[PDB]
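Participant: One structure coming up, written as structure tokens, with questions to follow.
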Amino acid sequence: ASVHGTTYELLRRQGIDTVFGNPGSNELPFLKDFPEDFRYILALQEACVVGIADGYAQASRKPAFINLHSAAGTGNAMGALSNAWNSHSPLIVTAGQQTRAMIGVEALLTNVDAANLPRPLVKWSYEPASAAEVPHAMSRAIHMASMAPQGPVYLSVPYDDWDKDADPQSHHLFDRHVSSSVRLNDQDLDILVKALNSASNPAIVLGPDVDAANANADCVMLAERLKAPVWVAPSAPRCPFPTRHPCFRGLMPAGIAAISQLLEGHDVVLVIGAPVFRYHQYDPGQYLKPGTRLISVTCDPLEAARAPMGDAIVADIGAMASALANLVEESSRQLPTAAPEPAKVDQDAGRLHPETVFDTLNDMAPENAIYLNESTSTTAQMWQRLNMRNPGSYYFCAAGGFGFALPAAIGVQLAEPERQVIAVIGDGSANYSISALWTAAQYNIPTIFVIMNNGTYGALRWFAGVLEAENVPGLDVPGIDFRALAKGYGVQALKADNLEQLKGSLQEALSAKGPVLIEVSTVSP
Amino acid sequence: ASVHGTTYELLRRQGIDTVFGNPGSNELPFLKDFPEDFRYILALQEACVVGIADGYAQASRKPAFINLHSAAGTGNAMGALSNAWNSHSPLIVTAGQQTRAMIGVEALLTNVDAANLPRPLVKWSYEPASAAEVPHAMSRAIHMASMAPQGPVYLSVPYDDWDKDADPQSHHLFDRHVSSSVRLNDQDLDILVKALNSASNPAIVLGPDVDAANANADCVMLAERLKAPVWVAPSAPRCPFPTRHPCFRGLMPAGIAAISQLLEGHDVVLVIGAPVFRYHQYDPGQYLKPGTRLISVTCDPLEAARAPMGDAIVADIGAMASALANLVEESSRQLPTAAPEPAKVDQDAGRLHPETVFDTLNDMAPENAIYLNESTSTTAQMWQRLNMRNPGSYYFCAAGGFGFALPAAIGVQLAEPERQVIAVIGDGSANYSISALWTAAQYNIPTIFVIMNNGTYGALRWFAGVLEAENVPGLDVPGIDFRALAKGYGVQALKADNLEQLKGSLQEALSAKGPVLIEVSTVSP
Amino acid sequence: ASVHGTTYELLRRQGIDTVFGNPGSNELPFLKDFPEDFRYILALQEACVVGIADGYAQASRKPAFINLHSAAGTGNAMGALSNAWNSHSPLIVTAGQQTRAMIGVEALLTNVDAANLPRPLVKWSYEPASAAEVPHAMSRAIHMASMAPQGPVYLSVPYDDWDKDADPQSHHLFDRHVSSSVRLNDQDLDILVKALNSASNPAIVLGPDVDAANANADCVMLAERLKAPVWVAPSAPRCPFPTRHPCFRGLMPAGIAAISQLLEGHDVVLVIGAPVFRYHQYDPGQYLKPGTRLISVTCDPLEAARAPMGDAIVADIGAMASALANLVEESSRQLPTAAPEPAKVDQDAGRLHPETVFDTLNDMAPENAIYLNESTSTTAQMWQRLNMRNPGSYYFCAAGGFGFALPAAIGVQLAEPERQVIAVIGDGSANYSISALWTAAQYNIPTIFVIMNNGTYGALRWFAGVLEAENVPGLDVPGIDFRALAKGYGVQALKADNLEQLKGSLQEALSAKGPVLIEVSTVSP
Ligand SMILES: Cc1ncc(Cn2c(C)c(CCOP(=O)(O)OP(=O)(O)O)sc2=O)c(N)n1
Ligand SMILES: Cc1ncc(Cn2c(C)c(CCOP(=O)(O)OP(=O)(O)O)sc2=O)c(N)n1
Ligand SMILES: Cc1ncc(Cn2c(C)c(CCOP(=O)(O)OP(=O)(O)O)sc2=O)c(N)n1
Ligand SMILES: [Ca+2]
Ligand SMILES: [Ca+2]
Ligand SMILES: [Ca+2]
Ligand SMILES: [Ca+2]
Ligand SMILES: [Ca+2]
Ligand SMILES: [Ca+2]
Ligand code: NA
Ligand code: NA
């Protein structure tokens, strides 16, 4: 067998059947004779390729396979990899290298010192020392991406390797099973359970690795047993809990003092599947108030090490959530009361308040919709106003890097063809990965894109207000016609300048048979 | 003084007056109180920011200053940095970091292990250990970018540093002059000169560092004195010689065997300002044929080290070209004869041959036009058909990474407001950095963008033919309306489906007062 | 030809004829069939291997070739590489890697991520992608080490590569000449010369790259023409000037304020071949006083970039010193007066003051002796008391890393067989690389080792005094019998407990036919 044939066999035997890519010449020897049972999903720029693959991996809860062109293609994807690192996304990033015979001279398209390029944003990065090593290196990539804590990995392959003879002993790679589905030992788990059972006023905080593990339902049972309020850890990349369940208390503010004040009076705070904590703003004060202790369950040693407070347990989130939910006592405390409905904000016949937009989306979207957020000045309102009952219903760029939601929404929609995906993206954010729209058109992936257009980088104008910072340049983005951009890439486009038009546009979009972009005129901050 | 005030003083004292950026919160403390004497040029995605700055630096022959947002913003620019590395572009890339007090916890927007992120594509990469060090670190960045061999550098700055007190001793940084304008010692230079004077059939090969040094005219005098043919080194990022001068012989093929065959019978080949050589295709054979020896003058130790043949001298290209041109004897050999005019290719009233496009551009454009190339299936024809008399008239992505020409053409046009810039970009390539169009519209930078639209990644379809590679996915890019994309970003748009329409569109574009995009329907390969 | 044969041919054609090594199994395929015209110099630990090679390279002014065993052997040498980086030592460090077929599985002795191991202490670090690339990679290593600024480089070679067929085109590597012997262009050089000619009270500061370039005599002529005092830049790794010449003013103190005070009243300070400056102690104040400006000539862009003050010129030190010395006017100012003789310190019949030791060495050693210093509490006295008339007469660990002088003194003695080498090493320092003594014995390299034994880490006890730091552990090193260690490794050993015994021991040592160690009982601080 060739390296080519052996590698595609390994991929299929490990469950991979789709290549997300933007091709180049170093990749043609890999892509030729592309197997009939594989899909190729083309995107026009590599941030888009990786964002699509990332949404696909996160929603499918399985690794996604990417093929990029040498250093420049890898480099174009490096912002996308920063988000994938923070979301623990299992991405296998392959890039084509020059033929081994011209690497030395640094021919055009040589990826110099290739493994260092995507560092520090990958779990593992490698270029094999010979063609026959390529299948083994691919095996390592697959498992490194897939083992907890999941994350992106990088493999560079000289283009001449694919046609070489494979090692016959590579067949031992095909069916390897590797598990990190582990939980705390019985003795220590019993100690934890008894601490939870004994708490007088426990609280639970959940992060994105709960949703990645599909541990959401177990966390609902855990919260119901403990009679405990549930918050989402700050800067949330995913939604780990039904947002209308009576225990739900919303998104935590991303500040040190704000969080300790919120947790005051809770004697034990159990954090599951989150860093402790992904703060953002400067908000100095106590990490925890006297009387509160914290216990973190994380899949990631790096999270456990850097927490400034609390105990930690490094284990699989699915296995730990299941065990805890089934072992704790049913507390005789009263179940927490559901949060009240959000108020309706006054809305005239002009530009839309974001609150109006989210209320209308919640009114009209299916109960199994999936939302993406890249409209950060409106995040709080979004979290208050969308009833997200099911797992896998929310994605936000985990490293704060824009250009995620537009392509990721296409990958999520590909992963979940029966769940309507609705990406809510600011006018500023929409530009970073605008060319991803073309992939939705070409493959008829029916994502809905809602562009919140207020002409400015509103979150930055707001932060400049906070700093009392005058004379900051570069905060306004006038003069973008998003309907024309959508037309450019073959996506049906609608505009909503008022509420009547928003309702009508959403009705059409929800009925449409392909992707749709709606440009919404929103109020300026 | 504050670190902020001291740093802007250093920048202005070192000749920097423009910031190319896409802002974020870690950057607001740097950007506030933005000085009245500085410009800020906003672009909507960081590959665009860096491409604009790169074109500006290359055309201006001076460093350009960039400000990006943390890891994700840096990462989005990493493909652009791969080109900047290969073109020796003097780019000072700054990125904002989290406040020092939350770096440890890895708050959102912390750039983890920041200096390793842009490696291996930068000459120097650093994060200072204290606020008061920032001006000194900035000084190091400026000089590292600017010293030969020029190249991109990276500086990460925690946002809390800017308001801190500066060291009063930082004033010694402001007026430092650093020179690398050096040439070979007299004794060895005399040996070189006598070898050139004694050659029976010398040839000259020029690379991009000639154009960067504005050594073009000196190289013309050198070639005239030696009576020597002049070629451009392969994979050319710049044009180092007048393309209708009698000594000019064109772009070298990017192959080992092809180059040695071309140089056969030349006893001494003098290469100036190029790697030896930036080959591309696989074309094995002799590096040089018997009877040819090679001497390379390069500004870059890395180029001198990796050449597989020849002697080398590591020195400034401007200083060496001037010295050689003024020291060599006037040979009594006959001056080389100019290459013949290109033939006119037959053209019907339908889709345009690329040869027709280039001939029409050459017929209509001003003699001081500046061209950019990101239409690689047509590169040979472009080099044959455009008379480029002046320095700074041609740019092509130096690492082969697409997404360069569209933004770079805007930066070049900003650098050279009296020279009409015309970017010739394939339909595939146009997408990578499409959002850069917005910057041309907003600042009214009157670049002309000629989109060569044949619906496919033509160079890859061609290479797949060469490999006899069947069943390669992802090679076609149908369904993009470039006029609508231009309208999306506020740029006047025209279409040319035939020659009559091409002439009319170019006439309008050349008369226009702002940027113009022309979508040309070109023949499919 | 094989890769083995081609590589040894390249080495010999490039002037390399000696391998400094400590062997292992990954190296046996390289070392077998060792060529008859090469020497192998064995040392027992890799810090010793590299230190010997470093002294050899520095004294010979040419690259030295090293062969180490995989990661552990490389790692053992990493402190030695820190000194080599700071001294600009041209060292070609090769390390054997596992066979390509087991690199993937990470067999024992695989050097994982090999090129990153010696970073950041090497100029270039690489592992080739195929066996046939090895000669080209070796060529790159040779030139990268040898081009200005010189420094250590690293090449990892899988052991199976050596027996493979070489590329016949590798012959073009054998005779490549690469020059960085460059100086400032005429116009700017004339500006510099006129600034020196116009100075009212110039000063000159010289660093180690002067001695590396053998620019010492040119700097003497320059100083005589300018009538200028000459100092050695702080933390000096080499001696760049005759220490009894009338212009000589000694070693600068390694402090910011101390240096600006020393330079006060000098209008132009010309620094040649040094960083600006290798300060050490904390001594805050002005970098320069009003009225002093600084001009630096350096071979190293990194030095030019980081200087906190002054102009800089990046060029070859040999070429620049020669040009300046021959172009400046003869000033009509009076030549500086020689420094006075050092005083004799009172010495009783007991333990030796260091001043007594240095005076006795100066009284007894040949005029062409070469000294090494790893007795840092006595550095000032050493520099005052040894008349060093000739180039190449002094070495001190350039990064402050102990374990340099003992092995380096053996390499220097190998490089300079007719110049008696005398290493003056503290009792603490002597231990770091003690096993290097064996190489002197085995190869009968007749270095003299003078161990200054006061039982303590005296410089640290002193610095703890400065900090008023109480209760510092680990500062005393009692209970070492250096005569027994010398006997252990086959080196003749003598003891000197008083001056009579010091004179007698030096008389014997200077007459001896092999290496000699003298343990001197020195006064405790
Ligand atoms: C890749 C990238 N570049 C820049 C930013 C910085 N950034 C930017 C540019 C913001 C403004 C986004 O504007 P928008 O129109 O998308 O949304 P709002 O108006 O709701 O802020 S908020 C913020 O952090 C970023 N997060 N990611
Ligand atoms: C960033 C990036 N990604 C992918 C490629 C690979 N690439 C691609 C995608 C080519 C096709 C370009 O198509 P085009 O329409 O711009 O021009 P042609 O039709 O003339 O080939 S040629 C080539 O090397 C690249 N060079 N740079
Ligand atoms: C490799 C290494 N480790 C530790 C040190 C630290 N060090 C040490 C250990 C000193 C004491 C040296 O003692 P000595 O006996 O050699 O000389 P003195 O008594 O003259 O200080 S001074 C100093 O910087 C060092 N420079 N290099
Ligand atoms: Ca409602
Ligand atoms: Ca906005
Ligand atoms: Ca014509
Ligand atoms: Ca095309
Ligand atoms: Ca004396
Ligand atoms: Ca001591
Ligand atoms: Na990197
Ligand atoms: Na290292």
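As shown in the structure tokens, the chain order sets the letters A, B, ...; within each chain, residues go from 1, and ligands are also counted from 1 in the order they appear.
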For residue 449 (chain C), find every residue with an atom within 7 Å (counting only C-alpha atoms), except residues of its own chain fewer than 5 positions away, and show them as a list in words.
Facilitator: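 Those residues are residues 422, 423, 424, 516, 517 and 518 of chain C.
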Participant: Please, which residues have at least one atom within 7 Å of an atom of ligand 7, using only C-alpha atoms and all ligand atoms, listed as a VMD selection string?
Facilitator: chain B and resid 426 to 428 452 to 458
Participant: Could you dump the residues just selected with C-alpha atoms as a CSV table (one decimal), in the first residue's frame?
Facilitator:
chain,number,residue,atom,x,y,z
B,426,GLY,CA,-7.5,36.0,-9.8
B,427,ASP,CA,-11.1,35.3,-8.8
B,428,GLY,CA,-9.8,32.7,-6.3
B,452,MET,CA,-9.4,37.9,-13.6
B,453,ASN,CA,-12.5,35.8,-13.4
B,454,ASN,CA,-12.4,32.3,-14.9
B,455,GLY,CA,-14.3,30.5,-12.1
B,456,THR,CA,-11.5,28.2,-11.1
B,457,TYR,CA,-8.2,27.8,-9.3
B,458,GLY,CA,-6.6,27.6,-12.7
Participant: Distance limit 6 Å, atoms considered: only C-alpha atoms. Which chain B residues sit that close to chain A? Return them as an MDAnalysis selection string.
Facilitator: chainID B and resid 31:34 42 45 72 75:76 78:79 82 105 107:108 117 119:120 278:280 306 401 432 469:472 474 480:481 484:485 488:489
Participant: Please indicate the distance in Å from CA of residue 331 (chain B) to CA of residue 197 (chain B), rounded to one decimal place.
Facilitator: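 CA of residue 197 (chain B) lies 7.3 Å from CA of residue 331 (chain B).
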Participant: Skipping near chain neighbours, those fewer than 5 positions away, what residues fall within 12 Å of residue 504 (chain C) using only C-alpha atoms, listed as a PDB file with N, CA and C atoms, in the first residue's frame?
Facilitator:
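Below you can see part.pdb, which holds the result:
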ATOM      1  N   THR C 360      53.179  37.492  40.999  1.00  0.00           N
ATOM      2  CA  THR C 360      54.142  36.404  40.808  1.00  0.00           C
ATOM      3  C   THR C 360      53.981  35.747  39.431  1.00  0.00           C
ATOM      4  N   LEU C 361      52.724  35.536  39.011  1.00  0.00           N
ATOM      5  CA  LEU C 361      52.488  35.076  37.669  1.00  0.00           C
ATOM      6  C   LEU C 361      53.099  36.043  36.649  1.00  0.00           C
ATOM      7  N   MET C 364      56.874  35.689  36.444  1.00  0.00           N
ATOM      8  CA  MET C 364      57.456  34.404  36.060  1.00  0.00           C
ATOM      9  C   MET C 364      56.985  33.902  34.681  1.00  0.00           C
ATOM     10  N   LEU C 494      50.603  20.096  42.395  1.00  0.00           N
ATOM     11  CA  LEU C 494      51.473  20.776  43.347  1.00  0.00           C
ATOM     12  C   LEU C 494      50.608  21.593  44.280  1.00  0.00           C
ATOM     13  N   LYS C 495      51.131  21.904  45.465  1.00  0.00           N
ATOM     14  CA  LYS C 495      50.387  22.776  46.372  1.00  0.00           C
ATOM     15  C   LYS C 495      51.241  23.969  46.744  1.00  0.00           C
ATOM     16  N   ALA C 496      50.606  25.101  46.966  1.00  0.00           N
ATOM     17  CA  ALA C 496      51.293  26.323  47.387  1.00  0.00           C
ATOM     18  C   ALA C 496      50.544  26.936  48.529  1.00  0.00           C
ATOM     19  N   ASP C 497      51.098  26.769  49.729  1.00  0.00           N
ATOM     20  CA  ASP C 497      50.480  27.300  50.920  1.00  0.00           C
ATOM     21  C   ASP C 497      51.041  28.667  51.304  1.00  0.00           C
ATOM     22  N   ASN C 498      52.106  29.102  50.646  1.00  0.00           N
ATOM     23  CA  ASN C 498      52.728  30.394  50.962  1.00  0.00           C
ATOM     24  C   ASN C 498      53.471  30.833  49.729  1.00  0.00           C
ATOM     25  N   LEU C 499      54.083  32.007  49.800  1.00  0.00           N
ATOM     26  CA  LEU C 499      54.731  32.555  48.628  1.00  0.00           C
ATOM     27  C   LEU C 499      55.934  31.740  48.167  1.00  0.00           C
ATOM     28  N   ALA C 509      56.123  24.023  37.344  1.00  0.00           N
ATOM     29  CA  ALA C 509      55.063  23.930  36.342  1.00  0.00           C
ATOM     30  C   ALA C 509      55.519  24.463  35.011  1.00  0.00           C
ATOM     31  N   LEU C 510      56.218  25.591  35.045  1.00  0.00           N
ATOM     32  CA  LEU C 510      56.642  26.213  33.806  1.00  0.00           C
ATOM     33  C   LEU C 510      57.689  25.380  33.071  1.00  0.00           C
ATOM     34  N   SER C 511      58.362  24.493  33.798  1.00  0.00           N
ATOM     35  CA  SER C 511      59.393  23.629  33.207  1.00  0.00           C
ATOM     36  C   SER C 511      58.836  22.287  32.723  1.00  0.00           C
ATOM     37  N   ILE C 518      48.198  23.524  40.183  1.00  0.00           N
ATOM     38  CA  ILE C 518      48.744  24.085  41.419  1.00  0.00           C
ATOM     39  C   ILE C 518      47.582  24.543  42.296  1.00  0.00           C
ATOM     40  N   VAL C 520      46.534  26.662  45.235  1.00  0.00           N
ATOM     41  CA  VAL C 520      47.048  27.792  46.007  1.00  0.00           C
ATOM     42  C   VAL C 520      46.112  28.106  47.155  1.00  0.00           C
TER      43      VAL C 520
END
Participant: Show which residues sit within 6 Å of region 181-192 of chain B, as number ranges by chain. Count only C-alpha atoms, and ignore same-chain residues fewer than 6 positions away.
Facilitator: B: 315-316, 319-320; C: 181-185
Participant: Using only C-alpha atoms, can you tell me which of B:129, B:213, B:421, B:345 comes closest to residue 366 (chain B)?
Facilitator: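 Ranked by minimum distance to residue 366 (chain B), first place goes to B:421.
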Participant: So how many Å separate CA of residue 201 (chain C) and CA of residue 267 (chain C), to one decimal?
Facilitator: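 The value is 5.7 Å.
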Participant: Mind listing the residues within 8 Å of ligand 4, only C-alpha atoms and all ligand atoms counted, as a PyMOL selection string?
Facilitator: chain A and resi 359-360+362-363
Participant: I'd like the contact shell of residue 161 (chain A) - 8 Å cut-off, only C-alpha atoms, skipping same-chain residues fewer than 4 positions apart - returned as an MDAnalysis selection string.
Facilitator: chainID A and resid 3 99 130:132 134 157
Participant: Store the residues of this selection in a file with N, CA, C and O atoms, as an mmCIF file, in the first residue's frame.
Facilitator:
data_model
loop_
_atom_site.group_PDB
_atom_site.id
_atom_site.type_symbol
_atom_site.label_atom_id
_atom_site.label_comp_id
_atom_site.auth_asym_id
_atom_site.auth_seq_id
_atom_site.Cartn_x
_atom_site.Cartn_y
_atom_site.Cartn_z
ATOM 1 N N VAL A 3 1.478 5.309 1.229
ATOM 2 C CA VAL A 3 1.178 6.174 2.356
ATOM 3 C C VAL A 3 -0.205 6.818 2.203
ATOM 4 O O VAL A 3 -0.948 6.907 3.169
ATOM 5 N N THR A 99 8.357 19.172 -1.288
ATOM 6 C CA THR A 99 8.999 17.887 -1.424
ATOM 7 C C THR A 99 10.282 17.877 -0.611
ATOM 8 O O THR A 99 10.992 18.896 -0.534
ATOM 9 N N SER A 130 10.172 10.838 7.870
ATOM 10 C CA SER A 130 10.198 10.015 6.673
ATOM 11 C C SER A 130 8.771 9.772 6.227
ATOM 12 O O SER A 130 7.829 9.880 7.013
ATOM 13 N N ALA A 131 8.628 9.396 4.960
ATOM 14 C CA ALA A 131 7.305 9.123 4.413
ATOM 15 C C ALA A 131 6.599 8.000 5.135
ATOM 16 O O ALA A 131 5.401 8.099 5.418
ATOM 17 N N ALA A 132 7.324 6.908 5.429
ATOM 18 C CA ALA A 132 6.650 5.768 6.043
ATOM 19 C C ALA A 132 6.147 6.039 7.440
ATOM 20 O O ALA A 132 5.299 5.303 7.930
ATOM 21 N N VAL A 134 4.428 8.721 8.120
ATOM 22 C CA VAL A 134 3.253 9.588 8.054
ATOM 23 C C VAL A 134 1.984 8.945 8.688
ATOM 24 O O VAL A 134 1.280 9.624 9.437
ATOM 25 N N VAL A 157 3.168 17.676 6.207
ATOM 26 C CA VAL A 157 3.554 16.481 5.430
ATOM 27 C C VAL A 157 4.157 16.894 4.086
ATOM 28 O O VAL A 157 3.461 17.454 3.221
#
Participant: May I have all residues of region 74-271 of chain A that DSSP, computed from the backbone, assigns to strand (DSSP E or B), given as a ChimeraX atom specification?
Facilitator: /A:91-97,125-126,153-158,165,203-206,230-232,238,248-251,268-271
Participant: Create the file for the chosen residues now, containing N, CA, C and O atoms and written as a compact mmCIF listing (two decimals), in the first residue's frame.
Facilitator:
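Saved the output as result07.txt:
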# COMPACT_ATOMS: atom_id res chain seq x y z
N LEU A 91 -9.43 19.34 16.66
CA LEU A 91 -9.18 19.66 15.24
C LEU A 91 -7.85 19.07 14.82
O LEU A 91 -6.82 19.27 15.49
N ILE A 92 -7.86 18.31 13.73
CA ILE A 92 -6.65 17.75 13.17
C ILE A 92 -6.26 18.60 11.97
O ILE A 92 -6.90 18.52 10.92
N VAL A 93 -5.27 19.47 12.16
CA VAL A 93 -4.87 20.42 11.12
C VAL A 93 -3.68 19.85 10.39
O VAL A 93 -2.59 19.72 10.98
N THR A 94 -3.86 19.53 9.12
CA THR A 94 -2.76 19.09 8.29
C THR A 94 -2.42 20.17 7.28
O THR A 94 -3.29 20.94 6.83
N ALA A 95 -1.12 20.29 7.00
CA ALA A 95 -0.66 21.26 6.02
C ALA A 95 0.37 20.62 5.13
O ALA A 95 1.27 19.92 5.60
N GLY A 96 0.29 20.90 3.85
CA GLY A 96 1.27 20.36 2.93
C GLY A 96 2.58 21.13 2.94
O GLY A 96 2.60 22.36 3.00
N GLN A 97 3.65 20.37 2.86
CA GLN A 97 5.04 20.86 2.83
C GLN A 97 5.63 20.61 1.46
O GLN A 97 5.14 19.77 0.68
N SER A 125 2.37 19.31 17.70
CA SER A 125 2.73 19.87 16.42
C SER A 125 3.94 19.10 15.90
O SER A 125 4.90 18.91 16.64
N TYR A 126 3.91 18.66 14.64
CA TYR A 126 4.91 17.71 14.21
C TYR A 126 5.05 17.67 12.71
O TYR A 126 4.10 17.85 11.97
N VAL A 153 -4.42 20.14 16.88
CA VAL A 153 -3.08 19.59 16.66
C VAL A 153 -2.68 19.90 15.21
O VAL A 153 -3.54 20.19 14.37
N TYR A 154 -1.38 19.77 14.93
CA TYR A 154 -0.84 20.17 13.65
C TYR A 154 0.15 19.15 13.12
O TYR A 154 1.06 18.72 13.83
N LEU A 155 -0.02 18.79 11.86
CA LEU A 155 0.83 17.83 11.17
C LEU A 155 1.21 18.39 9.80
O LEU A 155 0.31 18.66 8.97
N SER A 156 2.51 18.54 9.56
CA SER A 156 3.05 19.00 8.27
C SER A 156 3.57 17.82 7.48
O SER A 156 4.33 17.01 8.02
N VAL A 157 3.17 17.68 6.21
CA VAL A 157 3.55 16.48 5.43
C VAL A 157 4.16 16.89 4.09
O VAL A 157 3.46 17.45 3.22
N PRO A 158 5.44 16.60 3.87
CA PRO A 158 6.05 16.79 2.55
C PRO A 158 5.27 16.10 1.44
O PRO A 158 4.89 14.94 1.56
N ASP A 165 5.82 3.91 -0.51
CA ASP A 165 5.30 2.70 0.12
C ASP A 165 5.13 2.88 1.62
O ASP A 165 5.99 3.41 2.30
N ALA A 203 -23.74 26.11 45.45
CA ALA A 203 -23.95 26.69 44.12
C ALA A 203 -23.17 25.88 43.11
O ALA A 203 -22.11 25.33 43.44
N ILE A 204 -23.66 25.87 41.88
CA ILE A 204 -22.99 25.17 40.78
C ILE A 204 -22.66 26.17 39.68
O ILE A 204 -23.49 27.02 39.34
N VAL A 205 -21.46 26.06 39.13
CA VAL A 205 -21.03 26.87 37.99
C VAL A 205 -20.59 25.90 36.89
O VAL A 205 -19.78 25.00 37.14
N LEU A 206 -21.12 26.08 35.69
CA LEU A 206 -20.85 25.17 34.58
C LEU A 206 -20.16 25.90 33.43
O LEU A 206 -20.54 27.02 33.09
N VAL A 230 -27.63 27.46 39.52
CA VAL A 230 -26.66 27.13 38.48
C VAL A 230 -26.35 28.38 37.67
O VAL A 230 -27.25 29.00 37.07
N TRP A 231 -25.06 28.71 37.62
CA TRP A 231 -24.60 29.78 36.72
C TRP A 231 -23.71 29.23 35.65
O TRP A 231 -23.12 28.14 35.81
N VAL A 232 -23.60 29.97 34.57
CA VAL A 232 -22.63 29.68 33.51
C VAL A 232 -21.37 30.47 33.75
O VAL A 232 -21.43 31.69 34.01
N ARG A 238 -20.05 28.11 25.23
CA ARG A 238 -21.15 27.17 24.96
C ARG A 238 -22.21 27.37 26.03
O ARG A 238 -21.97 28.04 27.04
N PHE A 248 -31.59 27.84 36.92
CA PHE A 248 -30.65 28.65 36.12
C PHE A 248 -30.63 30.10 36.60
O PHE A 248 -31.66 30.72 36.83
N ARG A 249 -29.42 30.62 36.71
CA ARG A 249 -29.19 32.01 37.14
C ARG A 249 -28.42 32.86 36.13
O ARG A 249 -28.14 34.02 36.40
N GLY A 250 -28.06 32.32 34.98
CA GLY A 250 -27.50 33.14 33.93
C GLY A 250 -25.99 33.09 33.85
O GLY A 250 -25.30 32.31 34.50
N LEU A 251 -25.49 33.97 32.99
CA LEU A 251 -24.09 34.15 32.71
C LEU A 251 -23.46 34.96 33.83
O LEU A 251 -23.89 36.06 34.11
N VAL A 268 -20.29 26.06 49.56
CA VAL A 268 -19.54 25.23 48.61
C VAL A 268 -19.99 25.59 47.21
O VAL A 268 -21.18 25.57 46.92
N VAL A 269 -19.03 25.92 46.36
CA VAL A 269 -19.27 26.23 44.97
C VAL A 269 -18.57 25.15 44.16
O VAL A 269 -17.34 24.99 44.25
N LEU A 270 -19.37 24.41 43.40
CA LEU A 270 -18.86 23.33 42.54
C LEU A 270 -18.83 23.84 41.12
O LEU A 270 -19.88 24.14 40.55
N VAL A 271 -17.62 23.94 40.56
CA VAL A 271 -17.41 24.35 39.19
C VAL A 271 -17.13 23.11 38.35
O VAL A 271 -16.32 22.28 38.75
Participant: Between C:522, C:387, C:6, C:322, which one has atoms that come closest to ligand 8, using only C-alpha atoms and all ligand atoms?
Facilitator: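 Under the stated criterion, the closest residue is C:387.
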